[PDB]
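For reference, structure_21.cif (mmCIF, N, CA and C atoms; chains and numbers go by the auth columns):
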data_entry
#
loop_
_atom_site.group_PDB
_atom_site.id
_atom_site.type_symbol
_atom_site.label_atom_id
_atom_site.label_comp_id
_atom_site.label_asym_id
_atom_site.label_seq_id
_atom_site.Cartn_x
_atom_site.Cartn_y
_atom_site.Cartn_z
_atom_site.B_iso_or_equiv
_atom_site.auth_seq_id
_atom_site.auth_asym_id
ATOM 1 N N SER A 1 43.849 -23.288 -96.568 0.00 204 A
ATOM 2 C CA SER A 1 42.597 -24.042 -96.720 0.00 204 A
ATOM 3 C C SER A 1 42.371 -25.095 -95.635 0.00 204 A
ATOM 4 N N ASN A 2 43.393 -25.365 -94.830 0.00 205 A
ATOM 5 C CA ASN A 2 43.244 -26.294 -93.715 0.00 205 A
ATOM 6 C C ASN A 2 43.822 -25.746 -92.415 0.00 205 A
ATOM 7 N N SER A 3 42.940 -25.306 -91.523 0.00 206 A
ATOM 8 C CA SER A 3 43.361 -24.765 -90.237 0.00 206 A
ATOM 9 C C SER A 3 42.759 -25.560 -89.082 0.00 206 A
ATOM 10 N N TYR A 4 43.565 -25.782 -88.050 0.00 207 A
ATOM 11 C CA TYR A 4 43.154 -26.562 -86.890 0.00 207 A
ATOM 12 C C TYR A 4 43.231 -25.746 -85.604 0.00 207 A
ATOM 13 N N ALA A 5 42.413 -26.122 -84.626 0.00 208 A
ATOM 14 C CA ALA A 5 42.348 -25.412 -83.354 0.00 208 A
ATOM 15 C C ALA A 5 43.245 -26.044 -82.294 0.00 208 A
ATOM 16 N N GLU A 6 44.132 -25.233 -81.727 0.00 209 A
ATOM 17 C CA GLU A 6 45.020 -25.661 -80.652 0.00 209 A
ATOM 18 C C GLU A 6 44.709 -24.944 -79.341 0.00 209 A
ATOM 19 N N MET A 7 44.699 -25.705 -78.252 0.00 210 A
ATOM 20 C CA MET A 7 44.553 -25.148 -76.913 0.00 210 A
ATOM 21 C C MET A 7 45.716 -25.607 -76.040 0.00 210 A
ATOM 22 N N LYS A 8 46.704 -24.735 -75.878 0.00 211 A
ATOM 23 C CA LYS A 8 47.915 -25.076 -75.144 0.00 211 A
ATOM 24 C C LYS A 8 47.766 -24.838 -73.646 0.00 211 A
ATOM 25 N N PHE A 9 48.366 -25.723 -72.858 0.00 212 A
ATOM 26 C CA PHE A 9 48.427 -25.564 -71.412 0.00 212 A
ATOM 27 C C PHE A 9 49.864 -25.670 -70.928 0.00 212 A
ATOM 28 N N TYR A 10 50.437 -24.544 -70.518 0.00 213 A
ATOM 29 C CA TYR A 10 51.794 -24.543 -69.999 0.00 213 A
ATOM 30 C C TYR A 10 51.789 -24.831 -68.505 0.00 213 A
ATOM 31 N N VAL A 11 52.154 -26.056 -68.148 0.00 214 A
ATOM 32 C CA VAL A 11 52.295 -26.428 -66.752 0.00 214 A
ATOM 33 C C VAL A 11 53.713 -26.103 -66.303 0.00 214 A
ATOM 34 N N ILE A 12 53.812 -25.243 -65.296 0.00 215 A
ATOM 35 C CA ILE A 12 55.102 -24.802 -64.789 0.00 215 A
ATOM 36 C C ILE A 12 55.348 -25.339 -63.385 0.00 215 A
ATOM 37 N N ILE A 13 56.418 -26.113 -63.228 0.00 216 A
ATOM 38 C CA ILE A 13 56.687 -26.762 -61.947 0.00 216 A
ATOM 39 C C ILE A 13 58.085 -26.457 -61.416 0.00 216 A
ATOM 40 N N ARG A 14 58.187 -26.213 -60.113 0.00 217 A
ATOM 41 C CA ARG A 14 59.475 -25.902 -59.503 0.00 217 A
ATOM 42 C C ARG A 14 59.905 -27.006 -58.543 0.00 217 A
ATOM 43 N N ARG A 15 61.187 -27.354 -58.585 0.00 218 A
ATOM 44 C CA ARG A 15 61.716 -28.444 -57.773 0.00 218 A
ATOM 45 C C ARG A 15 61.863 -28.017 -56.316 0.00 218 A
ATOM 46 N N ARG A 16 61.811 -28.989 -55.411 0.00 219 A
ATOM 47 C CA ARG A 16 61.990 -28.728 -53.988 0.00 219 A
ATOM 48 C C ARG A 16 63.394 -29.129 -53.544 0.00 219 A
ATOM 49 N N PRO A 17 64.274 -28.135 -53.350 0.00 220 A
ATOM 50 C CA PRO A 17 65.690 -28.362 -53.037 0.00 220 A
ATOM 51 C C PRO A 17 65.934 -28.725 -51.574 0.00 220 A
ATOM 52 N N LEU A 18 65.351 -29.829 -51.123 0.00 221 A
ATOM 53 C CA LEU A 18 65.535 -30.279 -49.747 0.00 221 A
ATOM 54 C C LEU A 18 66.071 -31.705 -49.710 0.00 221 A
ATOM 55 N N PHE A 19 65.424 -32.593 -50.459 0.00 222 A
ATOM 56 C CA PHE A 19 65.881 -33.971 -50.588 0.00 222 A
ATOM 57 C C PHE A 19 67.269 -34.038 -51.217 0.00 222 A
ATOM 58 N N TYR A 20 67.545 -33.112 -52.131 0.00 223 A
ATOM 59 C CA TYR A 20 68.835 -33.062 -52.810 0.00 223 A
ATOM 60 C C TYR A 20 69.843 -32.185 -52.072 0.00 223 A
ATOM 61 N N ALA A 21 69.412 -31.581 -50.969 0.00 224 A
ATOM 62 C CA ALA A 21 70.300 -30.760 -50.155 0.00 224 A
ATOM 63 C C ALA A 21 71.225 -31.638 -49.319 0.00 224 A
ATOM 64 N N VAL A 22 70.640 -32.334 -48.347 0.00 225 A
ATOM 65 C CA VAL A 22 71.378 -33.221 -47.455 0.00 225 A
ATOM 66 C C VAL A 22 72.208 -34.248 -48.226 0.00 225 A
ATOM 67 N N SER A 23 71.606 -34.853 -49.245 0.00 226 A
ATOM 68 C CA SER A 23 72.267 -35.897 -50.023 0.00 226 A
ATOM 69 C C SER A 23 73.467 -35.380 -50.818 0.00 226 A
ATOM 70 N N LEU A 24 73.635 -34.061 -50.864 0.00 227 A
ATOM 71 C CA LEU A 24 74.730 -33.462 -51.622 0.00 227 A
ATOM 72 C C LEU A 24 75.754 -32.729 -50.754 0.00 227 A
ATOM 73 N N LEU A 25 75.312 -31.681 -50.064 0.00 228 A
ATOM 74 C CA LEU A 25 76.240 -30.795 -49.359 0.00 228 A
ATOM 75 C C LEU A 25 76.779 -31.373 -48.049 0.00 228 A
ATOM 76 N N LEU A 26 75.965 -32.163 -47.357 0.00 229 A
ATOM 77 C CA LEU A 26 76.350 -32.711 -46.056 0.00 229 A
ATOM 78 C C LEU A 26 77.593 -33.621 -46.105 0.00 229 A
ATOM 79 N N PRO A 27 77.623 -34.614 -47.019 0.00 230 A
ATOM 80 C CA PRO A 27 78.823 -35.460 -47.013 0.00 230 A
ATOM 81 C C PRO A 27 80.084 -34.708 -47.432 0.00 230 A
ATOM 82 N N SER A 28 79.932 -33.711 -48.298 0.00 231 A
ATOM 83 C CA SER A 28 81.074 -32.940 -48.778 0.00 231 A
ATOM 84 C C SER A 28 81.733 -32.180 -47.633 0.00 231 A
ATOM 85 N N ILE A 29 80.922 -31.477 -46.848 0.00 232 A
ATOM 86 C CA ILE A 29 81.443 -30.719 -45.719 0.00 232 A
ATOM 87 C C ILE A 29 81.913 -31.672 -44.624 0.00 232 A
ATOM 88 N N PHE A 30 81.311 -32.859 -44.566 0.00 233 A
ATOM 89 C CA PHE A 30 81.751 -33.865 -43.605 0.00 233 A
ATOM 90 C C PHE A 30 83.181 -34.311 -43.901 0.00 233 A
ATOM 91 N N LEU A 31 83.422 -34.797 -45.116 0.00 234 A
ATOM 92 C CA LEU A 31 84.769 -35.213 -45.499 0.00 234 A
ATOM 93 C C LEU A 31 85.726 -34.026 -45.478 0.00 234 A
ATOM 94 N N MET A 32 85.174 -32.826 -45.631 0.00 235 A
ATOM 95 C CA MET A 32 85.983 -31.617 -45.572 0.00 235 A
ATOM 96 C C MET A 32 86.537 -31.420 -44.163 0.00 235 A
ATOM 97 N N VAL A 33 85.662 -31.466 -43.161 0.00 236 A
ATOM 98 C CA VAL A 33 86.109 -31.274 -41.783 0.00 236 A
ATOM 99 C C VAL A 33 86.925 -32.471 -41.296 0.00 236 A
ATOM 100 N N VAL A 34 86.681 -33.646 -41.873 0.00 237 A
ATOM 101 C CA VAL A 34 87.502 -34.812 -41.558 0.00 237 A
ATOM 102 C C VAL A 34 88.914 -34.599 -42.093 0.00 237 A
ATOM 103 N N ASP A 35 89.011 -33.976 -43.264 0.00 238 A
ATOM 104 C CA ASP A 35 90.310 -33.626 -43.828 0.00 238 A
ATOM 105 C C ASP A 35 91.000 -32.581 -42.955 0.00 238 A
ATOM 106 N N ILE A 36 90.210 -31.634 -42.449 0.00 239 A
ATOM 107 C CA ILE A 36 90.723 -30.616 -41.536 0.00 239 A
ATOM 108 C C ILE A 36 91.310 -31.269 -40.289 0.00 239 A
ATOM 109 N N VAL A 37 90.620 -32.283 -39.776 0.00 240 A
ATOM 110 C CA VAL A 37 91.145 -33.082 -38.673 0.00 240 A
ATOM 111 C C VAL A 37 92.428 -33.785 -39.118 0.00 240 A
ATOM 112 N N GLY A 38 92.468 -34.164 -40.391 0.00 241 A
ATOM 113 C CA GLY A 38 93.615 -34.850 -40.957 0.00 241 A
ATOM 114 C C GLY A 38 94.870 -34.003 -41.015 0.00 241 A
ATOM 115 N N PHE A 39 94.705 -32.688 -41.142 0.00 242 A
ATOM 116 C CA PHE A 39 95.860 -31.791 -41.133 0.00 242 A
ATOM 117 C C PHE A 39 96.588 -31.788 -39.790 0.00 242 A
ATOM 118 N N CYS A 40 95.852 -32.047 -38.714 0.00 243 A
ATOM 119 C CA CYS A 40 96.421 -32.009 -37.370 0.00 243 A
ATOM 120 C C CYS A 40 97.452 -33.116 -37.154 0.00 243 A
ATOM 121 N N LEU A 41 97.402 -34.142 -37.998 0.00 244 A
ATOM 122 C CA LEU A 41 98.402 -35.202 -37.972 0.00 244 A
ATOM 123 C C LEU A 41 99.771 -34.681 -38.387 0.00 244 A
ATOM 124 N N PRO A 42 100.794 -34.952 -37.565 0.00 245 A
ATOM 125 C CA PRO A 42 102.168 -34.553 -37.883 0.00 245 A
ATOM 126 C C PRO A 42 102.703 -35.287 -39.111 0.00 245 A
ATOM 127 N N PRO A 43 103.423 -34.569 -39.987 0.00 246 A
ATOM 128 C CA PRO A 43 104.019 -35.117 -41.212 0.00 246 A
ATOM 129 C C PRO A 43 104.968 -36.285 -40.950 0.00 246 A
ATOM 130 N N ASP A 44 105.537 -36.335 -39.750 0.00 247 A
ATOM 131 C CA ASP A 44 106.501 -37.369 -39.390 0.00 247 A
ATOM 132 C C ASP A 44 105.857 -38.746 -39.241 0.00 247 A
ATOM 133 N N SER A 45 104.614 -38.770 -38.765 0.00 248 A
ATOM 134 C CA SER A 45 103.886 -40.015 -38.522 0.00 248 A
ATOM 135 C C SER A 45 103.851 -40.941 -39.736 0.00 248 A
ATOM 136 N N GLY A 46 103.583 -40.373 -40.908 0.00 249 A
ATOM 137 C CA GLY A 46 103.490 -41.156 -42.127 0.00 249 A
ATOM 138 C C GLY A 46 102.078 -41.637 -42.397 0.00 249 A
ATOM 139 N N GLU A 47 101.287 -41.755 -41.335 0.00 250 A
ATOM 140 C CA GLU A 47 99.890 -42.151 -41.454 0.00 250 A
ATOM 141 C C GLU A 47 99.049 -41.028 -42.054 0.00 250 A
ATOM 142 N N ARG A 48 99.623 -39.829 -42.096 0.00 251 A
ATOM 143 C CA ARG A 48 98.966 -38.655 -42.663 0.00 251 A
ATOM 144 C C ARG A 48 98.732 -38.808 -44.169 0.00 251 A
ATOM 145 N N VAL A 49 99.697 -39.428 -44.840 0.00 252 A
ATOM 146 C CA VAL A 49 99.616 -39.647 -46.278 0.00 252 A
ATOM 147 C C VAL A 49 98.502 -40.644 -46.590 0.00 252 A
ATOM 148 N N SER A 50 98.495 -41.749 -45.850 0.00 253 A
ATOM 149 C CA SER A 50 97.453 -42.762 -45.974 0.00 253 A
ATOM 150 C C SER A 50 96.091 -42.170 -45.624 0.00 253 A
ATOM 151 N N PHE A 51 96.093 -41.224 -44.688 0.00 254 A
ATOM 152 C CA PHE A 51 94.897 -40.478 -44.319 0.00 254 A
ATOM 153 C C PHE A 51 94.339 -39.782 -45.552 0.00 254 A
ATOM 154 N N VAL B 1 97.996 -38.734 -30.547 0.00 305 B
ATOM 155 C CA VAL B 1 99.120 -39.192 -31.358 0.00 305 B
ATOM 156 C C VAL B 1 100.002 -38.007 -31.743 0.00 305 B
ATOM 157 N N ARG B 2 99.439 -36.801 -31.705 0.00 306 B
ATOM 158 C CA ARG B 2 100.251 -35.604 -31.883 0.00 306 B
ATOM 159 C C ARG B 2 101.018 -35.320 -30.598 0.00 306 B
ATOM 160 N N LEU B 3 100.404 -35.642 -29.463 0.00 307 B
ATOM 161 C CA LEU B 3 101.061 -35.452 -28.170 0.00 307 B
ATOM 162 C C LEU B 3 102.303 -36.326 -28.009 0.00 307 B
ATOM 163 N N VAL B 4 102.133 -37.643 -28.086 0.00 308 B
ATOM 164 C CA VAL B 4 103.268 -38.549 -27.946 0.00 308 B
ATOM 165 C C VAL B 4 103.889 -38.870 -29.305 0.00 308 B
ATOM 166 N N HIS B 5 105.133 -38.434 -29.483 0.00 309 B
ATOM 167 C CA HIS B 5 105.874 -38.645 -30.722 0.00 309 B
ATOM 168 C C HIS B 5 107.314 -38.166 -30.561 0.00 309 B
ATOM 169 N N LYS B 6 108.191 -38.611 -31.455 0.00 310 B
ATOM 170 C CA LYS B 6 109.587 -38.188 -31.433 0.00 310 B
ATOM 171 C C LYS B 6 109.858 -37.152 -32.517 0.00 310 B
ATOM 172 N N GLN B 7 109.783 -35.878 -32.150 0.00 311 B
ATOM 173 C CA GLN B 7 109.998 -34.800 -33.107 0.00 311 B
ATOM 174 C C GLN B 7 111.227 -33.969 -32.757 0.00 311 B
ATOM 175 N N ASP B 8 112.013 -34.458 -31.800 0.00 312 B
ATOM 176 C CA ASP B 8 113.282 -33.838 -31.416 0.00 312 B
ATOM 177 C C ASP B 8 113.137 -32.381 -30.970 0.00 312 B
ATOM 178 N N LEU B 9 111.965 -32.029 -30.446 0.00 313 B
ATOM 179 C CA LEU B 9 111.688 -30.653 -30.042 0.00 313 B
ATOM 180 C C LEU B 9 111.088 -30.533 -28.641 0.00 313 B
ATOM 181 N N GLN B 10 111.241 -29.342 -28.065 0.00 314 B
ATOM 182 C CA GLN B 10 110.531 -28.918 -26.857 0.00 314 B
ATOM 183 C C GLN B 10 110.808 -29.725 -25.590 0.00 314 B
ATOM 184 N N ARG B 11 110.020 -29.415 -24.565 0.00 315 B
ATOM 185 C CA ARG B 11 110.049 -30.078 -23.267 0.00 315 B
ATOM 186 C C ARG B 11 108.662 -29.960 -22.643 0.00 315 B
ATOM 187 N N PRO B 12 108.275 -30.936 -21.807 0.00 316 B
ATOM 188 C CA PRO B 12 106.968 -30.847 -21.146 0.00 316 B
ATOM 189 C C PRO B 12 106.896 -29.676 -20.169 0.00 316 B
ATOM 190 N N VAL B 13 105.946 -28.772 -20.390 0.00 317 B
ATOM 191 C CA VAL B 13 105.780 -27.612 -19.524 0.00 317 B
ATOM 192 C C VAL B 13 105.280 -28.034 -18.146 0.00 317 B
ATOM 193 N N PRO B 14 105.955 -27.560 -17.087 0.00 318 B
ATOM 194 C CA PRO B 14 105.639 -27.921 -15.699 0.00 318 B
ATOM 195 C C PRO B 14 104.210 -27.558 -15.305 0.00 318 B
ATOM 196 N N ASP B 15 103.738 -26.413 -15.791 0.00 319 B
ATOM 197 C CA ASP B 15 102.397 -25.929 -15.484 0.00 319 B
ATOM 198 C C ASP B 15 101.338 -26.944 -15.895 0.00 319 B
ATOM 199 N N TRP B 16 101.509 -27.524 -17.078 0.00 320 B
ATOM 200 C CA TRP B 16 100.576 -28.525 -17.575 0.00 320 B
ATOM 201 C C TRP B 16 101.092 -29.933 -17.296 0.00 320 B
ATOM 202 N N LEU B 17 102.234 -30.014 -16.621 0.00 321 B
ATOM 203 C CA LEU B 17 102.760 -31.292 -16.158 0.00 321 B
ATOM 204 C C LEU B 17 102.089 -31.667 -14.846 0.00 321 B
ATOM 205 N N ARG B 18 101.904 -30.671 -13.986 0.00 322 B
ATOM 206 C CA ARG B 18 101.208 -30.878 -12.722 0.00 322 B
ATOM 207 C C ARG B 18 99.716 -31.104 -12.953 0.00 322 B
ATOM 208 N N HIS B 19 99.174 -30.437 -13.967 0.00 323 B
ATOM 209 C CA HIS B 19 97.753 -30.533 -14.285 0.00 323 B
ATOM 210 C C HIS B 19 97.365 -31.902 -14.843 0.00 323 B
ATOM 211 N N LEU B 20 98.320 -32.583 -15.470 0.00 324 B
ATOM 212 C CA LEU B 20 98.035 -33.853 -16.134 0.00 324 B
ATOM 213 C C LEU B 20 98.709 -35.041 -15.453 0.00 324 B
ATOM 214 N N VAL B 21 100.037 -35.020 -15.405 0.00 325 B
ATOM 215 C CA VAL B 21 100.806 -36.149 -14.890 0.00 325 B
ATOM 216 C C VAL B 21 100.704 -36.296 -13.372 0.00 325 B
ATOM 217 N N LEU B 22 100.140 -35.289 -12.711 0.00 326 B
ATOM 218 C CA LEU B 22 100.031 -35.303 -11.256 0.00 326 B
ATOM 219 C C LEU B 22 98.575 -35.320 -10.794 0.00 326 B
ATOM 220 N N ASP B 23 97.835 -34.267 -11.128 0.00 327 B
ATOM 221 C CA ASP B 23 96.449 -34.130 -10.688 0.00 327 B
ATOM 222 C C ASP B 23 95.514 -35.070 -11.446 0.00 327 B
ATOM 223 N N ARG B 24 95.568 -35.006 -12.772 0.00 328 B
ATOM 224 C CA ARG B 24 94.693 -35.819 -13.610 0.00 328 B
ATOM 225 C C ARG B 24 95.058 -37.298 -13.515 0.00 328 B
ATOM 226 N N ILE B 25 96.289 -37.575 -13.097 0.00 329 B
ATOM 227 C CA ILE B 25 96.741 -38.950 -12.910 0.00 329 B
ATOM 228 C C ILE B 25 96.087 -39.558 -11.675 0.00 329 B
ATOM 229 N N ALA B 26 96.015 -38.768 -10.610 0.00 330 B
ATOM 230 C CA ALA B 26 95.365 -39.197 -9.380 0.00 330 B
ATOM 231 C C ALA B 26 93.857 -39.262 -9.581 0.00 330 B
ATOM 232 N N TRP B 27 93.334 -38.340 -10.385 0.00 331 B
ATOM 233 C CA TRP B 27 91.908 -38.311 -10.689 0.00 331 B
ATOM 234 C C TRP B 27 91.497 -39.509 -11.544 0.00 331 B
ATOM 235 N N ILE B 28 92.392 -39.938 -12.428 0.00 332 B
ATOM 236 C CA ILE B 28 92.116 -41.073 -13.308 0.00 332 B
ATOM 237 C C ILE B 28 92.356 -42.407 -12.603 0.00 332 B
ATOM 238 N N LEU B 29 93.318 -42.423 -11.686 0.00 333 B
ATOM 239 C CA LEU B 29 93.662 -43.639 -10.959 0.00 333 B
ATOM 240 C C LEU B 29 92.520 -44.093 -10.054 0.00 333 B
ATOM 241 N N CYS B 30 91.738 -43.134 -9.571 0.00 334 B
ATOM 242 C CA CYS B 30 90.608 -43.437 -8.701 0.00 334 B
ATOM 243 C C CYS B 30 89.318 -43.583 -9.504 0.00 334 B
#
Have the structure of the file written as structure tokens, please.
Amino acid sequence: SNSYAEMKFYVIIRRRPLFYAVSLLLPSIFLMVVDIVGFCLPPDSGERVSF
Amino acid sequence: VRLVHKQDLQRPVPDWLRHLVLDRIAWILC
């Protein structure tokens, strides 16, 4: 005995994976290659551990 | 720092001894 009218609007939005790209993957690979540089340090030095 | 260290191994190769301690030394001195 009581019916109401609905008009739905589905707004569909997609994110732009650019601002979150650099801010995420770049520092990770940076510290990664810095660690790779860190392997070149001889175990005898001792500064490798602190590295 | 990998180059200069006491690891009780090896000897300086003459081929790269002349290239660095002789030639590059004169090149750097000037």
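Residue-level contact on chain B: within 8 Å of chain A, counting only N, CA and C atoms, the set is residues 305, 306, 310 and 311 of chain B.
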Enumerate the residues of stretch 204-253 of chain A with a DSSP assignment of alpha helix (DSSP H), computed from the backbone, and present them as an MDAnalysis selection string.
-> chainID A and resid 222:242 250:253
Find the axis-aligned box for stretch 218-228 of chain A, covering all its listed atoms and adding 4 Å on each side, and write its centre and edge lengths in Å to one decimal as JSON.
{"center_x": 69.0, "center_y": -31.6, "center_z": -53.0, "size_x": 23.6, "size_y": 16.5, "size_z": 19.1}
